[PDB]
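Novice: Once you've had a glance at the structure underneath, I'll fire off some questions.
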Amino acid sequence: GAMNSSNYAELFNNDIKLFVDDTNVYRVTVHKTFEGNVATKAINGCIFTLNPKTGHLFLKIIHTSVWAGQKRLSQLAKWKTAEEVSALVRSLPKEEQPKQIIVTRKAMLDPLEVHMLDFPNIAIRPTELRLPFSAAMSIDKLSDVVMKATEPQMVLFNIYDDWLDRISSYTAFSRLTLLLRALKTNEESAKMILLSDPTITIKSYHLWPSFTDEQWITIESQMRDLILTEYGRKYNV
Amino acid sequence: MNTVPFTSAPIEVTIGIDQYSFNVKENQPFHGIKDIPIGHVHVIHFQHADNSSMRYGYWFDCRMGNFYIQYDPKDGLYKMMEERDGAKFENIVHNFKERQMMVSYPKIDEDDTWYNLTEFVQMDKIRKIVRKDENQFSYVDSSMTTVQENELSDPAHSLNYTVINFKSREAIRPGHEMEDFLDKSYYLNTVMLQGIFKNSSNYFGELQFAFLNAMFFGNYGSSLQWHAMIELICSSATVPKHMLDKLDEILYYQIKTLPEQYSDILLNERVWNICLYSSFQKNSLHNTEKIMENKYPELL
């Protein structure tokens with residue numbers, strides 16, 4: 001059934017699974033027309049498909065050309081997501097196919113179930129968790145590859161960089177969700193915290209700075225402070 | 001007009017014949033039902049006074065043989081049987097009629113309700129859904145499960161309704177996932193109508209039989225089948241105009257006949273709200289929408 005706080009450790013067991021977030025698939029700027037009407041302009045999007053055990057992020061770039069001459073784009077976006085996830089599973093050898101796909105939004109269940117009819121043994125699950133994967137486009141290198149794409153593309157990232165050499169996948173997932181929760185709540189403040197010390201750089205193939213263990217502890221503390229601060233402001237408590 | 005004699009009524013029982021019902025007292029001198037209209041299927045059904053659990057009954061067509069009811073004190077139910085001896089049967093019925101120990105099928109002359117509920121229902125199709133080929137009549141009861149329910153457990157005692165599953169390879173063509181899921185015309189017209197049922201009459205026949213098993217026996221699997229066959233039409237953008245017009249008449253009579261106090265358990269809120277207000281056919285069921293809005297506006 002549904003993934004929650006109670007069955008959380010399951011994400012880090014040896015059954016291959018993927019999270020699928022479709023939030024950033026269909027993206028628009030809203031603007032005024034010459035006649036003073038409103039119109040949308042689609043910009044490039046992405047599917048965020050993450051193995052929470054290994055950090056492998058299958059970033060399918062959704063080029064604006066996929067929306068050309070289509071209607072009901074917020075509905076089509078869910079089905080295009082399910083089509084690309086299905087294609088990704090079919091592309092993998094049997095021993096690498098997931099046993100479960102967890103969708104971050106319930107509206108993805110039927111589109112993905114229908115696209116995955118050929119895989120009756122893959123469980124399609126919702127989650128009770130409010131995961132901050134929508135903030136993926138606040139990670140500078142992911143945003144850069146999506147906006148530069150001139151055609152459909154899939155780019156494989158490791159969203160945990162080399163963290164798994166030093167920490168478990170439970171801890172790496174916790175660090176990733178804290179970073180993304182921070183970026184989602186206050187992107188400017190979050191990015192200021194991460195990039196404040198210019199001595200600490202981002203490796204060419206990494207997404208995040210090369211913090212020492214002790215620097216991660218300080219970074220992680222600063223991210224928690226940011227989230228509580230913004231919370232007291234949101235709710236005046 | 002045809003007759004279904006009873007040997008006797010040894011146990012107190014509510015007896016239904018189609019949409020009519022009569023109470024019979026333990027050992028009341030009751031010897032059956034006369035003046036049954038030729039040309040339709042019929043159902044004769046039972047609910048024991050002492051165990052209102054297990055409604056059960058028999059689908060039959062008097063054109064196919066001479067049928068009678070006799071209580072079996074071993075199996076504890078009223079059983080339909082065929083009398084092969086034409087003259088023994090004529091002789092039994094004539095006696096019981098002369099002694100006026102039979103109730104009359106109490107059809108109002110103006111009243112086409114039973115025809116309207118059974119228009120496309122055929123005994124030959126009933127006998128494929130309810131498999132017991134040694135008898136010309138078909139036993140159904142409250143607890144009998146459908147082949148579809150058995151998948152998700154005695155196959156001899158199952159309702160073999162046509163399996164309909166919106167999230168099945170049968171319903172979804174590879175490469176038309178979103179198209180076939182959101183507009184079920186392919187599934188209705190090519191798979192079901194052309195492929196399995198052959199024509200809309202057989203489809204309506206099964207729909208009508210499912211409803212009547214739901215209504216007369218509170219058969220849950222039959223109710224799921226009736227709703228699934230409605231929803232498949234209502235979710236199809238492309239349906240022949242004759243089928244929509246006939247569906248509106250079929251559903252009108254089914255809603256009209258349903259006991260006012262059973263709408264809570266026999267009508268699926270989601271299916272009806274979807275069919276009448278969201279679906280492709282939301283404007284195609286004028287008679288059904290009007291009777292539903294006036295009779296069950298709570299459900300909607």
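Residue numbers start at 1 in each chain; chains themselves are named A, B, ... in the order of the structure tokens; ligands are numbered from 1 in the order shown.
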Find the spatial neighbours of residue 172 of chain B, counting only C-alpha atoms, within a cut-off of 12 Å - ignore same-chain residues fewer than 6 positions away - and output them as a PyMOL selection string.
Specialist: (chain A and resi 111+113-118) or (chain B and resi 164-166+178-188+190-191)
Novice: Quick one: residues within 6 Å of segment 74-84 of chain A, only C-alpha atoms, excluding same-chain residues fewer than 2 positions away - as a list in words?
Specialist: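 My list of contacting residues is residues 26, 72, 86, 87, 108, 111 and 112 of chain A.
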Novice: Mind checking which residues fall within 9 Å of residue 119 of chain B, counting only C-alpha atoms, ignoring those fewer than 2 positions away in the same chain, and posting them as a count of residues only?
Specialist: 12
Novice: Pull out every residue of chain B that has at least one atom within 7 Å of chain A, counting only C-alpha atoms, and report them as a ChimeraX atom specification.
Specialist: /B:167-169,177-178
Novice: Write a file of the selected residues as a PDB file, in the first residue's frame, keeping N, CA, C and O atoms.
Specialist:
```pdb
ATOM      1  N   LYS B 167      -8.356  -1.662 -16.322  1.00  0.00           N
ATOM      2  CA  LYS B 167      -6.859  -1.616 -16.201  1.00  0.00           C
ATOM      3  C   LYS B 167      -6.370  -3.017 -16.489  1.00  0.00           C
ATOM      4  O   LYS B 167      -5.927  -3.701 -15.573  1.00  0.00           O
ATOM      5  N   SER B 168      -6.602  -3.444 -17.720  1.00  0.00           N
ATOM      6  CA  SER B 168      -6.273  -4.792 -18.216  1.00  0.00           C
ATOM      7  C   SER B 168      -5.695  -4.609 -19.611  1.00  0.00           C
ATOM      8  O   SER B 168      -6.101  -3.648 -20.302  1.00  0.00           O
ATOM      9  N   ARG B 169      -4.794  -5.496 -20.023  1.00  0.00           N
ATOM     10  CA  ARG B 169      -4.293  -5.532 -21.410  1.00  0.00           C
ATOM     11  C   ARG B 169      -5.479  -5.653 -22.371  1.00  0.00           C
ATOM     12  O   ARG B 169      -5.406  -5.067 -23.453  1.00  0.00           O
ATOM     13  N   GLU B 177      -2.330   3.984 -24.464  1.00  0.00           N
ATOM     14  CA  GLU B 177      -2.632   3.879 -23.011  1.00  0.00           C
ATOM     15  C   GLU B 177      -3.576   4.991 -22.573  1.00  0.00           C
ATOM     16  O   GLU B 177      -4.634   4.681 -22.017  1.00  0.00           O
ATOM     17  N   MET B 178      -3.178   6.252 -22.721  1.00  0.00           N
ATOM     18  CA  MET B 178      -3.996   7.379 -22.249  1.00  0.00           C
ATOM     19  C   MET B 178      -5.290   7.416 -23.071  1.00  0.00           C
ATOM     20  O   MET B 178      -6.378   7.662 -22.476  1.00  0.00           O
TER      21      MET B 178
END
```
Novice: Under the rule that only C-alpha atoms are counted, which of B:19, B:98, B:283, B:135 is the nearest residue to residue 259 of chain B?
Specialist: B:19
Novice: List as a list in words the protein and nucleic acid residues near residue 272 of chain B, meaning an atom at most 12 Å away when only C-alpha atoms are counted, but skip any in the same chain fewer than 4 places from it.
Specialist: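 The filter keeps residues 226, 227, 228, 230, 231, 234, 235, 251, 255, 263, 266, 267, 268, 276, 277, 278, 279, 281, 282, 285, 288, 289, 292, 293, 296, 297, 298, 299 and 300 of chain B.
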Novice: Check the smallest atom-to-atom distance from each of B:273, B:70, B:194, B:223 to residue 6 of chain B using only C-alpha atoms, then report the winner.
Specialist: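 Between B:273, B:70, B:194, B:223, the residue approaching residue 6 of chain B most closely is B:70.
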Novice: Show me, as a PyMOL selection string, the residues that have an atom within 7 Å of residue 46 of chain A when counting only C-alpha atoms, minus same-chain residues fewer than 6 positions from it.
Specialist: chain A and resi 24-25+59-62+146
